[PDB]
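Novice: One structure, as structure tokens, below. Some questions next.
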Amino acid sequence: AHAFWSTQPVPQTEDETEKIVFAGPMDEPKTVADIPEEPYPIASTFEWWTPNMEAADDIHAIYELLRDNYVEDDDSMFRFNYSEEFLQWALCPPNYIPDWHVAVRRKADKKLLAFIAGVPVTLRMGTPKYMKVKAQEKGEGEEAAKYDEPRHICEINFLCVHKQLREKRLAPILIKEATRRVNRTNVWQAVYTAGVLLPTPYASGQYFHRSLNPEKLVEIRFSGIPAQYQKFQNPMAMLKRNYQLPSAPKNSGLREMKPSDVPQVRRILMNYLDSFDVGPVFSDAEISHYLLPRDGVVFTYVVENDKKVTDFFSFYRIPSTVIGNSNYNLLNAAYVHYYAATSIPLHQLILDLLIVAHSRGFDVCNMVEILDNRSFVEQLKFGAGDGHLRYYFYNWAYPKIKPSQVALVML
Ligand SMILES: CCCCCCCCCCCCCC(=O)SCCNC(=O)CCNC(=O)[C@H](O)C(C)(C)COP(=O)(O)OP(=O)(O)OC[C@H]1O[C@@H](n2cnc3c(N)ncnc32)[C@H](O)[C@@H]1OP(=O)(O)O
Ligand SMILES: N[C@@H](CC(=O)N1C[C@H](CO)[C@@H](c2ccc(Cl)cc2)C1)Cc1ccc(Cl)cc1
Ligand SMILES: [Mg+2]
């Protein structure tokens, strides 16, 4: 049933998954020297391209391909519209590897036809806690601990084939070539998410959305006036009132993050992310890159009291194209990013996120049920969205975990 995924070092079924007991590689160990030097053979109308992410024109070409051809909802009403500043940020973290960004262009006119991006990530991905307990009961603790050290692997994102080229087996070709370039750098595992079911996820979670400007959301048909609001004489006035927020953060001590906060934010974040089975390890340079505010892209606030940072939150912006509408071009969405709470309940920290996002003119706040995102769904009036986000590894055997054991945000 899967002519491509069946030939790959991934678990092939849930049954196979269900009997994985320790973290570790799927495949034959191999070396750099075994991997072909030359790009995979490709059709003569196409050519491989490595974009230069320091070139505005290169960023622009990837921007247009995604604007027109990246992920839509199931009803083809909204399509993500990552900005060029956002792509620069997401594709170029500290020590990114230019060769990991793989594109296919049409020779004759250099039109971008397909893209896939790999970036480095330092990931904890050793045997999960629940399996380590089982291991102890079996007498098997050393085997369970073998791959505990964080690993420098590849995070794959932004896979996109132009609509005119769909269903011609281009996506496997891109994935093979990314894999080759990554292996040529002595990296053998990757982590990726998708909103579709593939062989075979190690975790799955729901999406959640929090209305910030319900009037606009109803106008563009992101949201309905739900059926129980009909019994009311005036449905929408009641909807704004339900979703209203304070004008200003309720935590005094709340202020935008600045560069001098990098060490403290690193510490509180890493201490928190430790509680999860799969989770990134960030250097100070990586905290600076992913969390310092950047206009239009990422927004980060710390709670500082008595000169020390005790809590923080971050969210990032992605507008979506509204594919049908008359009145509105764009849905301005805020996505919960990393955070850490040590002084106040997480719900009270995130409420200030919703307040800031609303003040700065976002329409909806969005998140997946990773991290401790559940602990605040009901008080903060999030509702579940459609479908599920699935988390995957390439060349890594891994026991199924709850999404509440996952701490990697994928942009
Ligand atoms: C060590 C380093 C390893 C590095 C690599 C690690 C693996 C990275 C894996 C990539 C992680 C990406 C993470 C993200 O970015 S997920 C975001 C994916 N992008 C979108 O959904 C944007 C809109 N859609 C498209 O652009 C195209 O429909 C895509 C490109 C998705 C497929 O193109 P098309 O529709 O023209 O199809 P095809 O004929 O060329 O190919 C059909 C084959 O492709 C398999 N397929 C379909 N969708 C996905 C998908 N989302 N992940 C992996 N495989 C996918 C499918 O099951 C089939 O194989 P098999 O079922 O026949 O076997
Ligand atoms: N490789 C994936 C990256 C991803 O997992 N995302 C990227 C989306 C934007 O940052 C994020 C997301 C978060 C909250 C909600 Cl409600 C929807 C999508 C989840 C591709 C993908 C992109 C969009 C969607 Cl909906 C699902 C999957
Ligand atoms: Mg294709």
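Simple scheme: letters A, B, ... for chains in structure tokens order, numbers from 1 for residues in each chain, numbers from 1 for ligands in the order shown.
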Counting only C-alpha atoms and all ligand atoms, what are the residues, protein, DNA or RNA alike, that approach ligand 1 to within 8 Å? I want them as an MDAnalysis selection string.
Specialist: chainID A and resid 1:7 66 69:72 114 116:118 153:163 165:173 175:176 178:183 187:196 198 393:395
Novice: Which residues of region 67-165 of chain A come within 6 Å of region 318-333 of chain A, and what is each one's closest atom pair and distance in Å (one decimal), counting only C-alpha atoms, sorted by chain and residue number, as a tab-separated table?
Specialist:
residue	atom	partner	partner_atom	distance
A:77	CA	A:323	CA	5.0
A:78	CA	A:322	CA	4.8
A:79	CA	A:321	CA	5.1
A:80	CA	A:320	CA	4.3
A:81	CA	A:320	CA	4.9
A:82	CA	A:318	CA	5.6
Novice: For the selection just defined, write its residues with N, CA and C atoms to a file, as a PDB file, in the first residue's frame.
Specialist:
ATOM      1  N   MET A  77     -10.205  26.519   2.495  1.00  0.00           N
ATOM      2  CA  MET A  77     -10.685  27.841   2.812  1.00  0.00           C
ATOM      3  C   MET A  77      -9.530  28.728   3.244  1.00  0.00           C
ATOM      4  N   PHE A  78      -8.474  28.105   3.850  1.00  0.00           N
ATOM      5  CA  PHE A  78      -7.340  28.866   4.451  1.00  0.00           C
ATOM      6  C   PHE A  78      -6.080  28.127   3.981  1.00  0.00           C
ATOM      7  N   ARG A  79      -5.077  28.921   3.635  1.00  0.00           N
ATOM      8  CA  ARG A  79      -3.731  28.340   3.236  1.00  0.00           C
ATOM      9  C   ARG A  79      -2.667  29.139   3.967  1.00  0.00           C
ATOM     10  N   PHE A  80      -1.715  28.408   4.603  1.00  0.00           N
ATOM     11  CA  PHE A  80      -0.703  29.152   5.348  1.00  0.00           C
ATOM     12  C   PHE A  80       0.038  30.097   4.419  1.00  0.00           C
ATOM     13  N   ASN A  81       0.411  31.234   4.956  1.00  0.00           N
ATOM     14  CA  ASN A  81       1.180  32.241   4.241  1.00  0.00           C
ATOM     15  C   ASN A  81       2.373  32.695   5.083  1.00  0.00           C
ATOM     16  N   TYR A  82       3.325  31.737   5.279  1.00  0.00           N
ATOM     17  CA  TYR A  82       4.534  32.100   5.977  1.00  0.00           C
ATOM     18  C   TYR A  82       5.213  33.330   5.343  1.00  0.00           C
TER      19      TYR A  82
END
Novice: Let me make sure I understand: among A:250, A:390, A:184, A:400, which one has the smallest atom-to-atom distance to ligand 2 if we use only C-alpha atoms and all ligand atoms?
Specialist: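 Result for the nearest residue to ligand 2: A:390.
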Novice: Could you give me, as JSON, numbers by chain, the residues within 10 Å of residue 299 (chain A), counting only C-alpha atoms and dropping anything in the same chain fewer than 2 positions from it?
Specialist: {"A": [256, 257, 290, 291, 292, 293, 294, 295, 296, 297, 301, 313, 314, 315, 316, 317, 334, 336, 337, 353, 356, 357]}
Novice: Where in region 276-394 of chain A does DSSP assign helix (DSSP H, G or I), given as a list in words?
Specialist: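 Matching residues, listed in order: residues 284, 285, 286, 287, 288, 289, 290, 291, 346, 347, 348, 349, 350, 351, 352, 353, 354, 355, 356, 357, 358, 359, 373, 374, 375 and 376 of chain A.
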Novice: Could you please take those selected residues and save N, CA and C atoms as an mmCIF file, in the first residue's frame?
Specialist:
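The resulting file, result-v2.cif, is reproduced below:
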data_model
loop_
_atom_site.group_PDB
_atom_site.id
_atom_site.type_symbol
_atom_site.label_atom_id
_atom_site.label_comp_id
_atom_site.auth_asym_id
_atom_site.auth_seq_id
_atom_site.Cartn_x
_atom_site.Cartn_y
_atom_site.Cartn_z
ATOM 1 N N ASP A 284 22.653 28.854 24.426
ATOM 2 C CA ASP A 284 22.287 30.282 24.520
ATOM 3 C C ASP A 284 22.022 30.862 23.146
ATOM 4 N N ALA A 285 22.834 30.507 22.122
ATOM 5 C CA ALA A 285 22.659 31.053 20.760
ATOM 6 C C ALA A 285 21.303 30.649 20.145
ATOM 7 N N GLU A 286 20.887 29.429 20.489
ATOM 8 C CA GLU A 286 19.605 28.932 20.023
ATOM 9 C C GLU A 286 18.427 29.551 20.763
ATOM 10 N N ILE A 287 18.562 29.786 22.075
ATOM 11 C CA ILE A 287 17.548 30.523 22.803
ATOM 12 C C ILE A 287 17.413 31.935 22.226
ATOM 13 N N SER A 288 18.543 32.615 22.002
ATOM 14 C CA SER A 288 18.554 33.964 21.402
ATOM 15 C C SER A 288 17.807 33.920 20.069
ATOM 16 N N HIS A 289 18.190 32.955 19.191
ATOM 17 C CA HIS A 289 17.565 32.872 17.880
ATOM 18 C C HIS A 289 16.026 32.580 17.905
ATOM 19 N N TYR A 290 15.639 31.560 18.678
ATOM 20 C CA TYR A 290 14.242 31.179 18.607
ATOM 21 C C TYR A 290 13.293 32.046 19.495
ATOM 22 N N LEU A 291 13.852 32.802 20.453
ATOM 23 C CA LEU A 291 12.957 33.418 21.485
ATOM 24 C C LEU A 291 13.114 34.968 21.468
ATOM 25 N N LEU A 346 0.267 27.973 35.241
ATOM 26 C CA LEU A 346 0.387 28.109 33.764
ATOM 27 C C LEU A 346 -0.813 28.839 33.164
ATOM 28 N N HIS A 347 -2.062 28.586 33.631
ATOM 29 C CA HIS A 347 -3.205 29.303 33.098
ATOM 30 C C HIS A 347 -3.135 30.839 33.227
ATOM 31 N N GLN A 348 -2.553 31.310 34.351
ATOM 32 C CA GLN A 348 -2.396 32.665 34.575
ATOM 33 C C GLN A 348 -1.273 33.243 33.656
ATOM 34 N N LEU A 349 -0.270 32.450 33.390
ATOM 35 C CA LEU A 349 0.817 32.893 32.433
ATOM 36 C C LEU A 349 0.269 33.021 30.998
ATOM 37 N N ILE A 350 -0.475 32.005 30.546
ATOM 38 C CA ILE A 350 -1.003 31.965 29.210
ATOM 39 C C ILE A 350 -2.119 32.975 28.961
ATOM 40 N N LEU A 351 -2.851 33.344 30.013
ATOM 41 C CA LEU A 351 -3.842 34.346 29.856
ATOM 42 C C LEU A 351 -3.185 35.674 29.386
ATOM 43 N N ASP A 352 -2.023 35.952 29.930
ATOM 44 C CA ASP A 352 -1.259 37.162 29.504
ATOM 45 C C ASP A 352 -0.796 37.021 28.033
ATOM 46 N N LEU A 353 -0.412 35.809 27.583
ATOM 47 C CA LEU A 353 -0.219 35.560 26.158
ATOM 48 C C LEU A 353 -1.440 35.974 25.341
ATOM 49 N N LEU A 354 -2.654 35.487 25.708
ATOM 50 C CA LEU A 354 -3.908 35.784 24.974
ATOM 51 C C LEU A 354 -4.147 37.262 25.006
ATOM 52 N N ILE A 355 -3.804 37.907 26.143
ATOM 53 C CA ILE A 355 -4.043 39.371 26.264
ATOM 54 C C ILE A 355 -3.109 40.141 25.315
ATOM 55 N N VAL A 356 -1.844 39.760 25.362
ATOM 56 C CA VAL A 356 -0.870 40.398 24.435
ATOM 57 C C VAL A 356 -1.226 40.162 22.968
ATOM 58 N N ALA A 357 -1.508 38.915 22.611
ATOM 59 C CA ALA A 357 -1.874 38.645 21.214
ATOM 60 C C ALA A 357 -3.074 39.455 20.780
ATOM 61 N N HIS A 358 -4.106 39.562 21.634
ATOM 62 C CA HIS A 358 -5.262 40.273 21.232
ATOM 63 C C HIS A 358 -4.957 41.771 21.065
ATOM 64 N N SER A 359 -4.193 42.334 21.985
ATOM 65 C CA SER A 359 -3.830 43.741 21.939
ATOM 66 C C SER A 359 -3.072 44.087 20.668
ATOM 67 N N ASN A 373 0.023 21.937 27.388
ATOM 68 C CA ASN A 373 -1.048 22.795 26.758
ATOM 69 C C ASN A 373 -2.473 22.393 27.202
ATOM 70 N N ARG A 374 -2.690 21.125 27.527
ATOM 71 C CA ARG A 374 -4.042 20.726 28.126
ATOM 72 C C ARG A 374 -4.441 21.335 29.430
ATOM 73 N N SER A 375 -3.468 21.639 30.232
ATOM 74 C CA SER A 375 -3.789 22.056 31.529
ATOM 75 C C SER A 375 -4.504 23.399 31.465
ATOM 76 N N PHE A 376 -4.527 24.057 30.277
ATOM 77 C CA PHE A 376 -5.171 25.334 30.286
ATOM 78 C C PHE A 376 -6.321 25.551 29.235
#
Novice: Need the shell around residue 59 (chain A): protein/DNA/RNA residues with any atom at most 10 Å away, counting only C-alpha atoms. Skip same-chain ones fewer than 3 positions apart. Format as a ChimeraX atom specification?
Specialist: /A:51-56,62-64,83-88,91
Novice: Next, dump the selected residues to file, keeping only N, CA, C and O atoms, as a short mmCIF file (atom, residue, chain, number, x, y, z; two decimals), in the first residue's frame.
Specialist:
data_model
loop_
_atom_site.label_atom_id
_atom_site.label_comp_id
_atom_site.auth_asym_id
_atom_site.auth_seq_id
_atom_site.Cartn_x
_atom_site.Cartn_y
_atom_site.Cartn_z
N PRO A 51 19.03 26.53 -2.22
CA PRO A 51 18.83 27.98 -2.13
C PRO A 51 19.86 28.61 -1.21
O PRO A 51 20.39 27.98 -0.29
N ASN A 52 20.23 29.85 -1.50
CA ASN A 52 21.07 30.64 -0.59
C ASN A 52 20.12 31.48 0.29
O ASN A 52 19.54 32.47 -0.17
N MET A 53 20.06 31.16 1.58
CA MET A 53 19.09 31.82 2.46
C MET A 53 19.54 33.23 2.83
O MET A 53 18.80 33.96 3.46
N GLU A 54 20.75 33.64 2.41
CA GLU A 54 21.19 35.05 2.54
C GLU A 54 20.72 35.84 1.30
O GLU A 54 20.86 37.05 1.23
N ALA A 55 20.18 35.18 0.29
CA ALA A 55 19.75 35.94 -0.90
C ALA A 55 18.24 36.26 -0.78
O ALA A 55 17.43 35.34 -0.75
N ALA A 56 17.87 37.54 -0.82
CA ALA A 56 16.40 37.86 -0.82
C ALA A 56 15.64 37.17 -1.94
O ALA A 56 14.46 36.78 -1.79
N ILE A 62 11.01 30.76 -2.47
CA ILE A 62 10.49 29.66 -1.58
C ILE A 62 9.14 30.24 -1.01
O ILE A 62 8.11 29.49 -0.95
N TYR A 63 9.19 31.50 -0.63
CA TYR A 63 7.96 32.20 -0.11
C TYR A 63 6.79 32.04 -1.07
O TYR A 63 5.66 31.74 -0.65
N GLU A 64 7.00 32.29 -2.39
CA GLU A 64 5.88 32.17 -3.34
C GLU A 64 5.40 30.77 -3.51
O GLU A 64 4.19 30.53 -3.66
N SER A 83 5.68 34.26 6.16
CA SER A 83 6.29 35.41 5.54
C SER A 83 7.78 35.11 5.18
O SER A 83 8.39 34.18 5.68
N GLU A 84 8.38 36.06 4.44
CA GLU A 84 9.83 35.91 4.09
C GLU A 84 10.69 36.08 5.29
O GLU A 84 11.60 35.31 5.45
N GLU A 85 10.35 36.98 6.23
CA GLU A 85 11.11 37.16 7.48
C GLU A 85 10.99 35.86 8.35
O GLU A 85 11.97 35.41 9.03
N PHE A 86 9.75 35.29 8.34
CA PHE A 86 9.56 34.06 9.10
C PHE A 86 10.41 32.88 8.53
O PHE A 86 11.03 32.12 9.28
N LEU A 87 10.39 32.77 7.20
CA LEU A 87 11.20 31.68 6.53
C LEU A 87 12.65 31.90 6.86
O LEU A 87 13.32 30.91 7.21
N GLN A 88 13.18 33.13 6.78
CA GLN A 88 14.58 33.37 7.16
C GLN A 88 14.89 32.83 8.56
O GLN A 88 15.88 32.15 8.80
N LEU A 91 14.40 28.79 8.82
CA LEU A 91 15.37 28.00 7.99
C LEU A 91 16.80 28.18 8.45
O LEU A 91 17.63 27.35 8.08
#
Novice: In Å to one decimal, how far is atom 10 (O, counted along the ligand's line) of ligand 2 from CA of residue 298 (chain A)?
Specialist: 11.4 Å
Novice: With distances taken over only C-alpha atoms and all ligand atoms, which of A:115, A:252, A:261, A:204 is nearest to ligand 3?
Specialist: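 Nearest candidate to ligand 3 out of A:115, A:252, A:261, A:204: A:115.
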Novice: Neighbouring residues of residue 141 (chain A) were defined as those with any atom within 12 Å, considering only C-alpha atoms; residues of the same chain fewer than 2 positions away were excluded. Please report them as a list in words.
Specialist: residues 21, 22, 127, 128, 129, 131, 132, 133, 134, 135, 136, 137, 138, 139, 143, 144, 145, 146, 147 and 148 of chain A
Novice: Between A:207, A:338, A:229, A:272, which one has atoms that come closest to ligand 2, using only C-alpha atoms and all ligand atoms?
Specialist: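 Counting only C-alpha atoms and all ligand atoms, the residue closest to ligand 2 is A:207.
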Novice: Please measure the separation of CA of residue 277 (chain A) and CA of residue 407 (chain A), giving the value in Å to one decimal.
Specialist: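 Answer for the CA of residue 277 (chain A) to CA of residue 407 (chain A) separation: 7.8 Å.
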Novice: Taking only C-alpha atoms and all ligand atoms into account, which of A:219, A:73, A:15, A:378 comes nearest ligand 2?
Specialist: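 For ligand 2, the nearest of the given residues is A:73.
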Novice: Considering only C-alpha atoms and all ligand atoms, state which residue in the set A:39, A:205, A:253, A:25 is at the smallest distance from ligand 2.
Specialist: A:205
Novice: Can you list every residue in region 285-333 of chain A that DSSP puts in strand (DSSP E or B), as a PyMOL selection string?
Specialist: chain A and resi 294+298-305+308-322+330-333
Novice: Kindly save the residues from that selection, with C-alpha atoms included, as an mmCIF file, in the first residue's frame.
Specialist:
data_model
loop_
_atom_site.group_PDB
_atom_site.id
_atom_site.type_symbol
_atom_site.label_atom_id
_atom_site.label_comp_id
_atom_site.auth_asym_id
_atom_site.auth_seq_id
_atom_site.Cartn_x
_atom_site.Cartn_y
_atom_site.Cartn_z
ATOM 1 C CA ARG A 294 11.568 39.713 16.064
ATOM 2 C CA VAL A 298 8.146 35.890 17.239
ATOM 3 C CA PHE A 299 6.969 37.647 20.411
ATOM 4 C CA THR A 300 8.449 36.772 23.802
ATOM 5 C CA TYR A 301 7.589 38.135 27.251
ATOM 6 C CA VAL A 302 9.223 37.403 30.580
ATOM 7 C CA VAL A 303 7.969 37.846 34.105
ATOM 8 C CA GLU A 304 10.701 39.595 36.009
ATOM 9 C CA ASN A 305 10.439 40.218 39.728
ATOM 10 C CA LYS A 308 15.151 37.837 38.101
ATOM 11 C CA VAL A 309 13.214 36.134 35.301
ATOM 12 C CA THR A 310 10.869 33.538 36.798
ATOM 13 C CA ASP A 311 8.390 32.819 33.990
ATOM 14 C CA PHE A 312 8.141 33.404 30.262
ATOM 15 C CA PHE A 313 6.031 32.743 27.202
ATOM 16 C CA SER A 314 6.549 33.074 23.465
ATOM 17 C CA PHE A 315 4.287 32.925 20.484
ATOM 18 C CA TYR A 316 4.935 33.183 16.746
ATOM 19 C CA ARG A 317 2.854 34.709 13.904
ATOM 20 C CA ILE A 318 1.712 33.029 10.669
ATOM 21 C CA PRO A 319 -0.964 34.682 8.671
ATOM 22 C CA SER A 320 -3.194 32.487 6.442
ATOM 23 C CA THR A 321 -4.658 33.377 3.056
ATOM 24 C CA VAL A 322 -8.475 33.392 3.159
ATOM 25 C CA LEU A 330 -5.878 37.270 5.820
ATOM 26 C CA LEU A 331 -6.339 35.381 9.123
ATOM 27 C CA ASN A 332 -3.701 36.753 11.572
ATOM 28 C CA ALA A 333 -2.930 33.706 13.853
#
Novice: I'd like the neighbourhood of residue 99 (chain A) as a ChimeraX atom specification, where a residue qualifies if any of its atoms comes within 8 Å (using only C-alpha atoms), though same-chain residues fewer than 2 positions away should be ignored.
Specialist: /A:50,97,101-102,181
Novice: Take the residues that were just selected and, keeping N, CA, C and O atoms, output them as a PDB file, in the first residue's frame.
Specialist:
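To be explicit, this is the file written out as out-v5.pdb:
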ATOM      1  N   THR A  50      20.170  24.339  -4.427  1.00  0.00           N
ATOM      2  CA  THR A  50      20.379  24.623  -3.005  1.00  0.00           C
ATOM      3  C   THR A  50      20.154  26.115  -2.838  1.00  0.00           C
ATOM      4  O   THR A  50      20.988  26.914  -3.246  1.00  0.00           O
ATOM      5  N   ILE A  97      22.762  24.097   8.172  1.00  0.00           N
ATOM      6  CA  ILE A  97      23.583  23.522   7.126  1.00  0.00           C
ATOM      7  C   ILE A  97      22.920  23.892   5.797  1.00  0.00           C
ATOM      8  O   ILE A  97      21.837  23.412   5.491  1.00  0.00           O
ATOM      9  N   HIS A 101      18.734  22.289   2.822  1.00  0.00           N
ATOM     10  CA  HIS A 101      17.578  22.918   2.130  1.00  0.00           C
ATOM     11  C   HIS A 101      17.681  22.459   0.682  1.00  0.00           C
ATOM     12  O   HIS A 101      18.581  22.883  -0.050  1.00  0.00           O
ATOM     13  N   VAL A 102      16.726  21.628   0.259  1.00  0.00           N
ATOM     14  CA  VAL A 102      16.788  20.942  -1.038  1.00  0.00           C
ATOM     15  C   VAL A 102      15.586  21.412  -1.837  1.00  0.00           C
ATOM     16  O   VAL A 102      14.426  21.386  -1.364  1.00  0.00           O
ATOM     17  N   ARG A 181      21.736  14.049   1.490  1.00  0.00           N
ATOM     18  CA  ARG A 181      22.521  15.196   2.002  1.00  0.00           C
ATOM     19  C   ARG A 181      22.727  15.205   3.472  1.00  0.00           C
ATOM     20  O   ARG A 181      23.822  15.604   3.946  1.00  0.00           O
TER      21      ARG A 181
END
Novice: Quick one: pull the distance between CA of residue 110 (chain A) and CA of residue 47 (chain A), Å, one decimal.
Specialist: 8.7 Å
Novice: I need the residue nearest ligand 2 from this list: A:281, A:90, A:269, A:35. Use only C-alpha atoms and all ligand atoms for the distance.
Specialist: A:90
